[PDB]
Amino acid sequence: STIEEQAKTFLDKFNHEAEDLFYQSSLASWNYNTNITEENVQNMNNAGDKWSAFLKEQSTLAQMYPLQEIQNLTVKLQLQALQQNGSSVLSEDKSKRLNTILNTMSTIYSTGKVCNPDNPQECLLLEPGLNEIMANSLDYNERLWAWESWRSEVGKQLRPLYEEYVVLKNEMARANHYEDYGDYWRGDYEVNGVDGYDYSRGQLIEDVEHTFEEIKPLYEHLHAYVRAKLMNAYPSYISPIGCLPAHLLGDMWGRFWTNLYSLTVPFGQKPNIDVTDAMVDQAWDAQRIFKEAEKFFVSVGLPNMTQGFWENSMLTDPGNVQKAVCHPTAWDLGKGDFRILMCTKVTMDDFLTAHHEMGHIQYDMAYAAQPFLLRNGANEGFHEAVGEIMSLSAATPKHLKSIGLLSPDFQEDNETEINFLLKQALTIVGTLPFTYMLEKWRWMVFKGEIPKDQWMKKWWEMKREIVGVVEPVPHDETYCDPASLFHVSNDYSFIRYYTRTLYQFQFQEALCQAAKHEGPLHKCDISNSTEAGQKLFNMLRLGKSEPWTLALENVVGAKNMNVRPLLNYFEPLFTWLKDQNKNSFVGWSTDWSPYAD
Ligand SMILES: *[C@@H]1O[C@H](CO)[C@@H](O)[C@H](O)[C@H]1NC(C)=O
Ligand SMILES: *[C@@H]1O[C@H](CO)[C@@H](O)[C@H](O)[C@H]1NC(C)=O
Ligand SMILES: *[C@@H]1O[C@H](CO)[C@@H](O)[C@H](O)[C@H]1NC(C)=O
Ligand SMILES: [Cl-]
Ligand SMILES: [Zn+2]
C-alpha cells in the first residue's frame, strides 16, 4: 500500500474514534459547566484525560507517514496537525519543570494580592478589586498605588519564572524545527504548497508592521484628544506633549481605553442609544432574544438553529442550587450537536452577545461536514471576527428600529454618531498599538534580541515610542511588567487580537458592499441580504480546509490582511478628531515622565 492511501486509512480511523471521544469529553464538560458538582468535575476531568491520551497516541502514531511522501494537501493538513510533538519533544524532567512553571505563574496571577499600606489586613485580588479600581477610580494616587503594587508584588514573583519559561519554550520550539517560541506561534498563519496563497511566518511580522503604520495617524489623533481630556480630569499631572501615564487608562494595563468614556465623551448631553429598557416594557425574555438572533441569520440565507440547540441549550441561569459558569460560550460538541451556554439577562448587551455567540454556532454548523481536524476557523483570528461582525449589524439604530426595540422617534445626530465612533475607537483603536507592541516585545524576547538585563528597559522604551504611554514609576529588571497581564503569564499568543480586528472590518466592508449599503460603513446592517450571507457562507463552510488567505479572498476579494476598511469605519471620527486637534500637539515626546521632576 502507498504511504498516502494508508495515511488516508489512518485518518479515517482517527476521525471516527476522535469524533466519539471528543463527544464524550464535551458532554462531560457541559455537565460540569451547567451543573457544577463534585462528581461532574470528576466525570469531566477523566473524560478529558482520555481524550488527551488518545490525541497523544494518535500523534506519535502519525509520525510514521512521511510528510514529504504526501501529495493530497487535504490529508497533509490533517496529518500536519496530528504529528505536532510540542512539549513532548522535551525530556521528562524538562516537561515536568515547564508544567510546574506554567502552573505556578498561573496561580500567582489568579491568587496574588496587594494590601493597603494603611491597613495590612485589607488586601485585594486583581479580580475584582484592583480591576474595580483601575476601571472606576478618578484618584491619581489610588490608581498609582494599585498599578505599581500589582507589578511590584506579583509581577516580580513572575520575573524569575518567566525567564526560565522562555528558555524552556524556545527549546521546545527549536527541537520542533522552529527558530524560537514566537516563530512557533506565527506558525498559525503559515500556508505552503499552494501556488498563489502561500504565506511565510516572518511575513506576518511585516504585514502587521506595514498595516500598523497606516493606523498611526488615526491613533495619534485619538491619543491627542484623550490626552487633552485626561488633563482636565487630572489637572497638572500630564504634559501637553507627553505620553499618557500608564495608570490612568481605564484598566490595569491600558489594554482597552473603554473605561475612559465618561472622561472623554464628545457630547455628554446626547443620550447613548440603549434599548435595555424597551426590551423590558415589551416583556422580552431569553427565548425571544435568541429567537430574534436566529431570525437575523435566516434573513441573510443561513439556516435556523437546530432542534436540540433549543432543547439542550442553557439560555438562562438556573439560579440557586444549580451553580454554573455564566461566561457566555458557544459549543460544538460534535456529531451535529450545537449549544449555547449563557445566563441571559434582558439587556441590550446580552441581546448583542447572543448574536455574537450565535455567530460562532453558525460558523460551526457551516463547516460541520469537514473532517474533524479541519473543523475550525481559517486561522486563529477568524471565529471572533465572525462573531464581532454580528453585533455590529445588530446594534445599528436602523436594526433596532426594524425590530421594534427603538422607535422611529429617536433622531440620529452627527453628534450621536461621533459619540458612538469615539466609544468604539476607545476599545477598538486604542488596543491595536497596545496589542502590537506587546507581541513585538515577546517576539524579540524569544528571538534573543533583548538581553534579560534590558527586558523592562526595552519594554518601557517600546511603550513610550509605539503606544505613547509611560510608566509612573521607574522599573528595573527586578520587575516583569508584561507578565502581569493574563495572556503573558498564562502562555497565550496575543497577535490574534490584532488580526481579528483588521479581519472583522474587511468582512464587514465586504458584506455591506454585497448588501448595497449606502452611507457610512458604521451604519450598516446586513439583514435581508442573502447576497451577504452567501459570500459569508462561502468561507464559513471551508473551516480550515483551505489556506486562510483563500478563505479571506472568498469573502473580501483579496488574499491579505488590509487596514483600509478599519480606517473607513472610523473616517467620520477621524475628520472630527483632526479638527478637534487643530490647536493641540499631535504625537508625543518619549522624554517626559511623571517623575522627571
Ligand atoms: C484528497 O482525498 C480526498 C478523500 O481521501 C478526496 O476526496 C479529495 O478529492 C483529495 N484531494 C484532491 C483533490 O487531491
Ligand atoms: C516527534 O518526535 C519523534 C521522536 O522524538 C520524531 O520521530 C518525529 O519526527 C517528531 N515529529 C516531527 C515530524 O516533528
Ligand atoms: C428583513 O426582511 C423582512 C421581511 O420582509 C423585513 O420585514 C425586515 O424589515 C428586513 N430587515 C431589514 C430591517 O432590512
Ligand atoms: Cl505594563
Ligand atoms: Zn466570541
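Both ligands and their constituent atoms are indexed starting at 1 by order of listing. This chain uses plain numbering: 1 for the first residue, then up along the sequence. Any value given below was found using the heavy atoms of this structure, including those in side chains, with hydrogens, waters and symmetry copies removed.
- Taking the six-membered ring where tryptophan is involved, the planes of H399 and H355 are perpendicular, since the angle between them exceeds 60° and thus also 30°.
- Comparing heavy-atom distances from atom 14 (O) of ligand 1 across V75, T74, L73, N72 singles out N72 as nearest.
- Ranking protein heavy atoms by distance to atom 5 (O) of ligand 1, first place goes to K8 NZ, 3.1 Å.
- For a distance bound of 2.8 Å, the N, O or S atoms of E388 include none lying that close to the Zn ion (ligand 5).
- For atom 2 (O) of ligand 1, the protein comes within 4.0 Å by at least one heavy atom.
- Ion pair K463/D481 not flagged as a salt bridge, since none of the NZ, NE, NH1 or NH2 atoms sits closer than 4.0 Å to an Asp/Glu carboxylate oxygen.
- Taking 2.8 Å as the criterion, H356 counts as a coordinating residue of the Zn ion (ligand 5), since one of its N, O or S atoms falls below it.
- Distance check on atom 7 (O) of ligand 1: every protein heavy atom falls at or beyond the 4.0 Å cut-off.
- Within the cation-pi definition used here (under 6.0 Å to the ring centroid, within 45° of the axis), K559 qualifies as a partner of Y197.
- Salt bridge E449/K458: absent, no basic N to carboxylate O contact under 4.0 Å.
- No more than 12 heavy atoms of other residues, nucleotides or ligands shown are found within 6.0 angstrom of OH on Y492.
- The existence of a salt bridge linking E477 and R159 is confirmed by a sub-4.0 Å separation between a basic side-chain nitrogen and an acidic carboxylate oxygen.
- The presence of a protein heavy atom under 4.0 Å from atom 12 (C) of ligand 1 is confirmed.
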